[PDB]
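Please treat every number below as a calculation from the coordinates, not as lab data. Backbone-built Cβ (ideal geometry, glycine too); neighbour counts: all protein chains shown.
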Number of protein chains: 4
Amino acid sequence: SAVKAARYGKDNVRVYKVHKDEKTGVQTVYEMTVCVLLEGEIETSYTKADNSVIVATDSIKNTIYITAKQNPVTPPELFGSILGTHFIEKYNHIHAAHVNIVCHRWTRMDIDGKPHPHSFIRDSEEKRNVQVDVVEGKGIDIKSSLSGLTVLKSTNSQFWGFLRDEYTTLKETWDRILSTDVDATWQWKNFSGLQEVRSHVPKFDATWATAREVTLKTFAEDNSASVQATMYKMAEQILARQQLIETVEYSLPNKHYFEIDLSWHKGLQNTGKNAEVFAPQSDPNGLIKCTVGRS
Amino acid sequence: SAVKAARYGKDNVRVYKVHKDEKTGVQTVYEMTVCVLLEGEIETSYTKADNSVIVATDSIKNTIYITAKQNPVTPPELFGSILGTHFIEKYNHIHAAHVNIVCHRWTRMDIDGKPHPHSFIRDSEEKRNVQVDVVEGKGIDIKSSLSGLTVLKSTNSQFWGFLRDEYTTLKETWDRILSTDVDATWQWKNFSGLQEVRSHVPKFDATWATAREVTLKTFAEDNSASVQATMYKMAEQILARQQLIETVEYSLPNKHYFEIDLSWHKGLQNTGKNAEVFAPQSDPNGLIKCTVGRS
Amino acid sequence: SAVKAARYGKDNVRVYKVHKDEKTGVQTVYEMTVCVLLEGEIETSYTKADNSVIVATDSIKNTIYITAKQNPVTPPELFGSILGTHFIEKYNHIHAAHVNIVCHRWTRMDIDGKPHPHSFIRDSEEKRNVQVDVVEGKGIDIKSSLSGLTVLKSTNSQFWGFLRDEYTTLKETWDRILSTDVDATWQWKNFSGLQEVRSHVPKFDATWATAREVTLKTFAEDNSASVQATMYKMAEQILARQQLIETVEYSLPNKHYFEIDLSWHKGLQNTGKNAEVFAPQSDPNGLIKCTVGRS
Amino acid sequence: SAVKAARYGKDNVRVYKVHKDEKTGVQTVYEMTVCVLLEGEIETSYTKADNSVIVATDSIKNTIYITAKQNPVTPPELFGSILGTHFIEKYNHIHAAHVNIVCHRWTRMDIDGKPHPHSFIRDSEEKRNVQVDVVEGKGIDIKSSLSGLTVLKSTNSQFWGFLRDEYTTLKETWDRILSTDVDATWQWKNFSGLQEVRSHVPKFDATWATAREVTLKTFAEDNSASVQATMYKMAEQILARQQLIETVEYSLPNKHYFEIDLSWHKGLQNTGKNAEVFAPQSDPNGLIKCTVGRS
Ligand SMILES: O=c1[nH]c(=O)c2nn[nH]c2[nH]1
Ligand SMILES: O=c1[nH]c(=O)c2nn[nH]c2[nH]1
Ligand SMILES: O=c1[nH]c(=O)c2nn[nH]c2[nH]1
Ligand SMILES: O=c1[nH]c(=O)c2nn[nH]c2[nH]1
Ligand code: NA
Ligand code: NA
Ligand code: NA
Ligand code: NA
């Protein structure tokens, strides 16, 4: 037998950082969950019980805190790139670092119409994520995403004209509820190293904001022919607005809401044009994916 | 042996309702999870296999959908009271109904600065809940609550002057992070029946809004001596603003964020006044409760 | 306003303890999650910011570890009683302690047909729990339970003869699947104090074992007329076998498995006597409760 | 823009099947959660709103139930291969099917030392899984796994001799607790089609049993130098026992249990050789992965 692939590190490292403006008294908080996995010349830890090649996962944890102390943690694309680069530069035998960051929302409270200097609310479990792969001699690959963005529209969704055969019971419809949890990922062109990532810092927050805005507007305004058609429109627009993105991937559940026929009860009308009360279905769910790139 | 207490019914009934304004084209959605448990002269179903006394839980489910079709589902205090009353009026041998409703957020989207007519976002997993106990000959008892409101302040929280003995290691502090998930419940005076609940309909949404506003403002503005002292200030204000409330109960976890001593690493200063990076603790957590009533 | 009720403490305290037999080399592990909430003369911490009356929740945490170091942690009824008594004896102004313990399964591995001395497996998320209320001058009240015991029988369950009216669509059945997650609680007679709890130590594990055995056997062997009738048979037997129990409470979801009509597809027969493939329903679910006591 | 990749289908399809032996009266149940995603000539559903190429996800759901009605559902490797093959054979424009199956445990109850004919218990949330990729013209690729197998050993684990630098605080140890949740995957050699999968049917259950047995025995008996070294020993043995496996992958969290220094309290000794009470850590956790193949 031989080791074909190996990686190891620390997962689920929760980190909070506060920035305090001495002039204004305004404080800003960041909270993330971080995972770092390393690869390199470590096969002998598996095959020969040679621990000398192991940077202990506990040390990886310490390194995350130290790096957060000495560097900006925003945008997460930058922090992830700093953190990954550290490991390949510090340890001769480590040749790749894989950094995943999940950013949790702490949104400044408005109290009596004014932004509060040091109080925050978790407005939704929507996350902003990054995956950063730092590979020695191959640069820095960054995938940015938003996830857990849950939306619903109560009309202006259709689904007709699909294949009908002996396995089909679904009725065509020209008016249905459409609800999903949005997972959207944009992959940046490969960066040569940290200097290049630094050069593009302003683009990271702006592209996240654009991706979110395009997602919401397209969902709200499209008279949707299918999840497939609406998601493609989203991806097309993001690629048009940021030339440094190579691909956009969407993964969308179709969270079904079923009509309830109540006609058995005193002829009550609750289907089609008369439908008011529906039964949300926890499972199963459609799952629709697509990756869109450039011609 | 004897049956000392019994209740049964249907839990986890998901319900969605849409309201469509024909004039404006504006649609409004409501989504809830409902539980209904019944009590009454049903002992023989347990002791003698006498199913004749059982309103099937499946029928309870149907009743929830039918009731939602024929009645307003908002405010939930009203819907719960209608639903509970139905069972005690319809079935001679049923003498109490216990209705729990959890309301999920579907907040209208703003697209380009204007409210969208039929598109919604789940902005946080904060819930608005009601528990309604309808007891034949004893009226309607309603407990309203908000839950899952997660907040954090990065300063203006203190904790000193507590009991110190041989079990104590905690250091006194004049500046710490305070974070919690708010669970707040206000109990209404007993209502004589549905007519009285209807008479107070406007008070339900207004009191929820007040409870939420008082919670947020007090949390943000109090230079907190402890969770105990801050929560009492919240409860006091709610009772002052709504005379039909008899008690207010808060249940608050103290979600700890620990300083990380980094001085072992090149004398890095990250404690006390120099603290920037902290470790959020998933467990354990303080849990502080209080019920406040009138003199 | 006035404080009507207050309690506070530490939740979610994870504790592991190992016992090592020097003679045999056999090791035995216990893992629990503990919550302790205190009541007493603490109103002024809420109303006056008087922290002098507060035993810090951090100190409660330390006390749990110290108590586990110096005492047996099994049976949990005993450990809970020791822990609760500590607080009322140590602190003059604390008058009640409420201790909840959840015990996690670590079952010794059998390797090649022999019990391993120090290796364990988590065989299911079934828990053994205790709630212990130690109230000064009123003794020790203990509720023991098992929870998360998930079972299914594929036949020998019936449900017919229930009330039928204009809200009823459920068909009567003489053969259905019955599946539930068992939550069973037995409440002990009040104990005068720790000496009396110690005197009954052997009864605690034996009664848990009996409760579990009666639950499983009755479920498997009863040709069930309803969840109500089967659960009553369980409770009756437990009360018969342990005279120091005052009441038994069961809370049982009815986890539905629906027939799937496939007759639309080439006349495939999958209902009634021909039913082979079913659709488990995640929600909604029936919920059936009963508390059984002595004549 | 262009569609670079696309797949769609139905997720979270819960399925139960019962087998009834008419001769013996013995019943056997299977419960699974199934996901099926399709690929093929479907780009126009995304780019042109052409639904004619879409096999509706609802129809995929129906197909899963029909296929389960007409075929064995065990071993899951076979069922997955039947299900995947169906889609590529039935639909000209569908060229790949991706089938994921999670099998839930329903273990026959022993009542009074005898196996019960129709009563079952969920003994742990351990799963047996398969991923089957059926690709037209490229055969059938099957990855089998077990997951959610949670184990702990209280001694006979060591970790010393790792890299020490200015980021290291971890002390070397010759005796620690080791606990993990095992995720183990074995990848079969590519099969040419369904006939070949059928020819190897007996190997599937046998290899699962072997993988589980090797995992448990190795964990229990290895005086472990690290998670890395122990997991490699596991993978080596599985590859030795089944020649039709090409690779074995393990992914193991290191679930930490920390010593608690109690010496501040009356000199209580609870570290090193005196350690009895530990604090299980929910997060962070080490994460160690390896893929082992043949020389
Ligand atoms: O078994 C281990 N492997 C590791 O890589 C490691 N790092 N810290 N502790 C550890 N334990
Ligand atoms: O066992 C049952 N008890 C009930 O009360 C019920 N209601 N619907 N189905 C049921 N099954
Ligand atoms: O606000 C607090 N209240 C308490 O009771 C406590 N105990 N430890 N820390 C604490 N903080
Ligand atoms: O938008 C949809 N896309 C699909 O592929 C599908 N299949 N069933 N319903 C559906 N809705
Ligand atoms: Na390197
Ligand atoms: Na009545
Ligand atoms: Na006392
Ligand atoms: Na094909």
Hey, what angle do you get for helix C:201-221 against the long axis of chain C, alpha-carbon based, 0 to 90 degrees rounded to 10? 10 degrees
Given an 8 Å cut-off on Cα distances and at least 6 residues of separation, report the relative contact order of chain A as a percent. 13 percent
Separation of the stretch D:109-178 and the stretch B:83-120 by C-alpha centroid, Å? 43 Å
Please identify every one of the trypsin sites (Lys or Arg not before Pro) in the stretch B:21-115 that sits in a loop by DSSP and has no more than 15 other beta carbons within 10 Å of its own beta carbon. B:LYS23, B:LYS48
Given a cut-off of 13 Å, what percent of all Cα-Cα pairs of the stretch B:70-119 lie beyond it? 67 percent
Write down the Kirkwood hydrodynamic radius of the stretch D:1-62, to one decimal in angstroms, obtained as one divided by the mean of 1/r over all alpha carbon pairs. 14.5 Å
Considering chain D as a Gaussian network with a 10 Å cut-off on Cα pairs, which listed residue, D:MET234, D:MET109, D:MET32, attains the greatest mean-square fluctuation? D:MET109
Go ahead and estimate [θ] at 222 nm for the protein assembly as shown from helices alone: -39,500 (n - 2.57) per DSSP H run with n ≥ 4, summed, over the residue count, rounded to 500. -8000 deg cm²/dmol
Mind checking the angle between helix D:57-70 and chain D's longest principal axis? C-alpha axes, 0 to 90 degrees, to the nearest 10. 90 degrees
Against the 2.2 N^0.38 Å scaling, with N counting residues, where does the stretch C:223-295 land? I'd like the Cα-based Rg ratio to two decimal places. 1.64
Identify, for chain C, the residue whose C-beta comes nearest the rotation axis onto chain A, and round that distance to whole Å. C:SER282, 2
Inter-copy distances for D:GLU22, nm, shortest first, label points 7 Å along Cα→Cβ, are 6.0, 6.8, 8.9
Set of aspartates and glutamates with alpha-carbon distance to B:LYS266 below 14 Å, sequence-local pairs under 8 removed: D:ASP165, D:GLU166
Please express the Cα-Cα pair-distance distribution P(r) of the stretch C:92-249 as a list of whole percents, one per 5 Å bin, running from 0 to the bin with the greatest distance. 1, 7, 13, 15, 14, 14, 12, 9, 6, 4, 2, 1, 0
Using the basic label-point model (7 angstrom from Cα toward the beta carbon), what is the C:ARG294 to C:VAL135 distance in nanometres? 2.0 nm
Cβ-vector label at 7 Å, B:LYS138, separations to other copies in nm: 1.9, 6.7, 7.0
Name the trypsin sites (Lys or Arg not before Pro) in the stretch A:238-295 that are in a loop by DSSP and that have at most 14 other C-beta atoms within 10 Å, would you? A:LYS266, A:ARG294
Span per principal axis, largest first, for the Cα atoms of the stretch A:133-217 (Å): 56, 29, 18
Placing a label point 7 Å from Cα toward Cβ, how far apart in nm is C:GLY193 from its equivalents in the other copies, listed shortest first to one decimal? 5.5, 7.6, 8.4
For the stretch D:191-295, what relative contact order do you get, as a whole percent, if you take Cα pairs closer than 8 Å and at least 6 residues apart? 26 percent
Please report Rg over Rh for the stretch D:1-150, where both radii come from the alpha carbon positions and Rh follows the Kirkwood definition. 1.07
Here is the link list: A:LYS289/B:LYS17; C:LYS23/C:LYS203; B:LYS48/B:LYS90; C:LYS171/C:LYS255; B:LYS48/B:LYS138. Which ones come out longer than 22 Å on Cα distance? A:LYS289/B:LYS17; C:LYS23/C:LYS203; B:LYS48/B:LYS90; B:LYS48/B:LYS138
Restricting attention to the stretch D:167-228, which chymotrypsin sites (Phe, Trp or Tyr not before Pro) occupy a DSSP loop and are surrounded by at most 14 other Cβ atoms within 10 Å? D:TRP174
Tail beyond 36 Å, pair distance distribution of chain A (Cα, percent): 34 percent
How long are the semi-axes of the equivalent ellipsoid of the protein assembly as shown, defined as square roots of 5 times the Cα gyration tensor eigenvalues? Whole Å, largest first. 41, 41, 36
